[PDB]
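Spelled out, the chains give:
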Amino acid sequence: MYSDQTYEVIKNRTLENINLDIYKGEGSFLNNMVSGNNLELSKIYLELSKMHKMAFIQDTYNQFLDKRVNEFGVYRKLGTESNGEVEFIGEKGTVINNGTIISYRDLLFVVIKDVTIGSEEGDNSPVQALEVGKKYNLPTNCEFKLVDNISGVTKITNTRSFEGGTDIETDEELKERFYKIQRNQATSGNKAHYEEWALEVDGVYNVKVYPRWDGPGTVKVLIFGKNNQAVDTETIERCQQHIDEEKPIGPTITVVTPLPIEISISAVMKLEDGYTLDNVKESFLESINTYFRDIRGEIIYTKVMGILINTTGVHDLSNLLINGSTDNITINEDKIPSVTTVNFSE
Amino acid sequence: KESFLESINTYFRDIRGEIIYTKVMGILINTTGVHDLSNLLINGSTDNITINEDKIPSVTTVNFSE
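What counts, and where the lines are drawn
Counting starts from 1 on each chain and goes along its sequence as written, which need not follow the entry numbering; residues with no coordinates are hidden. Key to labels: chains lettered from A, ligands numbered from 1, both in the order written. The chains in this view make up only part of a larger assembly, and the values are for that part alone. Calculated side-chain values reflect all of the structure's heavy atoms, with hydrogen atoms and water omitted. We treat two strands as partners when DSSP finds at least two bridges between them. Only DSSP runs of H or I covering at least 4 residues are called helices, and only runs of E covering at least 2 are called strands; the numbering of each starts at the N terminus. Axes, fitted as lines to C-alpha atoms, cover a helix only where it is in contact. Angles between the N-to-C directions of the axes lie from 0 to 180 degrees. We call a set of buried residues a nonpolar core when its members are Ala, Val, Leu, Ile, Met, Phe, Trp, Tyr or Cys and they connect through side-chain atoms within 4.5 Å of each other. The buried label goes to any residue with under 20% of its type's maximum accessible area, the exposed label to any with over 50%, and the partly exposed label to all in between, with areas taken from a 1.4 Å probe on protein chains only. Contact between two residues is taken to exist if any of their heavy atoms lie within 4.5 Å; hydrogens are not considered. In this description, buried area is defined as the sum, over both parts, of the accessible area (probe of 1.4 Å) that is lost when the two are combined. The salt bridge criterion pairs a side-chain nitrogen of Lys or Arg with a carboxyl oxygen of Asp or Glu, the two atoms within 4 Å. Pairing of N or O atoms within 3.5 Å defines a polar contact, subject to two protein rules: one partner must be a possible hydrogen donor and the other a possible acceptor, and residues neighboring in sequence count only if both atoms are side-chain atoms. Classification convention: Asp, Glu, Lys, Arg as charged; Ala, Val, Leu, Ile, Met, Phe, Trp, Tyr, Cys, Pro as nonpolar; all other residues, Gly among them, as polar. Each helix crossing is assigned a hand: it is left-handed if the near helix lies turned anticlockwise from the far helix by less than a right angle, otherwise right-handed if that turn is clockwise.

Its PDB header names cryo-EM as the technique used to obtain the model and reports a resolution of 6.1 Å.

So this is what it looks like as structure tokens:
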């Protein structure tokens, strides 16, 4: 094949192809005449070998992948510039106009809106990276410096870490993305495809589909917000129109939200010295909020009393009552406990 | 039972004054593998017992059931 095809091999082949009266030998005029063209043909063979590699869908270059995805429509992502907010510290009344560029180390950043030092609007102004890339995602507490000197400005720092800086999508990543798109297509019943559209809303992070909730063909959409906290009504609505835009033909769709559950507690306890009711109350409510966040299933009475005694400032407690009972409280689905009444007596 | 024995032993090492029934309940529920407990009794009672001078608490009987 192409590896076999070389200057010497095709030289011998062409010498065999030509039968003629004059003897064939090294250094002959016809020898050199054939040898030059055979070197050219070896170069052509190398080019034809590279034809195979460049024709293949794999190991393509930027332009090759660009053409393939333009045919396919899965356009490559160019990345997003980092965005953040910085604080300007300096002489009061200093006005920094839009378009001013600030440099931290060798990085370059630009200020979007005008900021005035000491003004009632504040000294914080959003700053967007000049170029895309994760290197522009500067963390918090970075001392930005003006590229151009401006009187009245002394120190610039960011109170929040810069975000949004994304690198250019490489060839391989788009390749497996396209492969996954080709293998899997949107389908009516597969809960992954349906919940994909719901998950496109940033407010919700867990989506559940309940088949056969109101008879055949009825799909109940269950969504969970940030740590299973109900999202606003507008979020529910907009998710509803979105999923309806991508819902299949003729379903009945209902969207539900987690329902907070009130919690009322009452106990008699002996407080340790140097500790008041407010301190133990706030510590225990924080601890029980964490427990409610991390609890799966029914409420456990003994876990509640253990986290109450573990609260600092509790020596001896008694008569612990939760919602009028000391038994385990069953939590229904899509319901989260919420502390509403605390009755602590010393 | 062994984990609660170790916990109550270190609590007795760190205790001063009287044994507190509430600290006993808390150190039992905090034990790994404990989900829900009931009718906890120290010497058959839920009242704190005074640890007098030249006296230390000693664990003798452990009764746990599901």
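1. A short note on the sheet that holds strand β4 (residues 107-111) of chain A
All names here are of chain A. Reading around the barrel, the six strands line up as β1-β6-β4-β3-β7-β8 and close back on themselves, with antiparallel pairing between neighbours. Averaged over all adjacent pairs, the angle separating strand axes in this sheet is 40°, with direction ignored. Alignment of strand β1 (residues 81-90) against strand β8 (residues 153-158), held across five bridges, turns out to be antiparallel. Among the inter-strand pairings, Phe 88 is bridged to a residue of β8, identified as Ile 156.

2. What to know about the nonpolar core
Formed by 41 residues in total, the largest nonpolar core has its most connected members in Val 304, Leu 320 and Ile 322 of chain A together with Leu 40 of chain B. Only β12 (259-271), α7 (277-294), α8 (301-310) and β13 (314-322) of chain A together with α1 (2-13) and α2 (21-29) of chain B provide two or more residues apiece to this core. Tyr 104, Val 111, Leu 138 and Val 153 of chain A belong to the second largest nonpolar core, which has 20 residues in total.

3. Thoughts on the interface of chain A and chain B
Across the contact, 14 residues belong to chain A and twelve residues belong to chain B. Taking both sides of the interface into account, the surface hidden between chain A and chain B amounts to around 1,000 Å²; carbon and sulfur atoms contribute 54%. By the criterion of area lost to chain B, the three top residues of chain A are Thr 302, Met 305 and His 315 of chain A, representing 39% of everything that side buries. Scanning the region where chain A abuts chain B turns up zero salt bridges. Here chain A and chain B share eight residue pairs in polar contact between them. Every element with two or more residues in the side of chain A that touches chain B is listed here: α8 and β13 of chain A. No other element matches the seven residues that α8 of chain A contributes to the side of chain A that touches chain B. Residue composition of the side of chain A that touches chain B, grouped by class: six nonpolar, five polar and three charged.

4. Looking at the side chain of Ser 42 of chain A
Its place among the elements puts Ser 42 of chain A in helix α2 (residues 29-55). On the basis of relative accessible area, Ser 42 of chain A is assigned to the buried category, the value being 11%.

5. Points about helix α5 (residues 191-199) of chain A
Turning to α5 of chain A, its buried residues number three or more, namely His 193, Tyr 194, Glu 195, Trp 197 and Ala 198 of chain A. The inward-facing, buried residues of α5 of chain A contact β9 (206-211), β10 (218-224), α6 (233-246) and β11 (252-256) of chain A.

6. Remarks on the packing of α7 of chain A against α8 of chain A
All names here are of chain A. The geometry of α7 relative to α8 is characterised by a closest axis approach of 9 Å and an angle of 145° between their N-to-C directions. Remark: the crossing between α7 and α8 carries right-handed chirality. Every residue of α8 that contacts α7 at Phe 284, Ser 287, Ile 288 and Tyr 291 is listed here: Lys 303, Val 304, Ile 307 and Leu 308.

7. What about the environment of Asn 158 of chain A?
All names here are of chain A. Along the chain, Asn 158 falls in strand β8. Since its relative accessible area comes to 2%, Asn 158 is described here as buried. Note: C-alpha distance between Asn 158 and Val 127 (31 residues apart in sequence) is 9.2 Å. In this structure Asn 158 touches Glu 85, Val 86, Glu 87, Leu 138, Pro 139, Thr 140, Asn 141, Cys 142 and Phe 144, once residues within four positions along its chain are discounted. Here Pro 139 takes part through its backbone oxygen, which lies 2.6 Å from a polar atom of the side chain of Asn 158.

8. Re unusual backbone geometry
Despite not being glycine, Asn 141 of chain A shows a phi value in the positive range, around 60°. Residue position: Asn 141 of chain A is located in the loop between β6 (124-132) and β7 (143-146). A positive phi is found at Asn 39 of chain B, a non-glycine position, where the angle reads about 40°. Within the element layout of this structure, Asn 39 of chain B appears in the loop between α2 and β2 (49-50). Looking at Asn 39 of chain B, the relative accessible area reads 63%, which means it is exposed.

9. A look at the sheet that holds strand β14 (residues 335-345) of chain A
In a beta sheet, neighbouring strands pair by backbone hydrogen bonds and run either parallel or antiparallel. All names here are of chain A. With respect to topology, three strands assemble into an open sheet ordered β13-β12-β14, the strand pairing being mixed. A strand with exactly one partner marks an edge of an open sheet, and here the two such strands are β13 and β14. In this sheet, adjacent strand axes meet at a mean angle of 35° when their direction is disregarded. Pairing between β12 and β14: ten bridges, direction parallel. Each bridged residue has a counterpart across the sheet, and for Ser 266 the counterpart in β14 is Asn 343. Helix-sheet contacts for α8 involve β12, β13 and β14, and the interaxial angle to β13 is about 150°.

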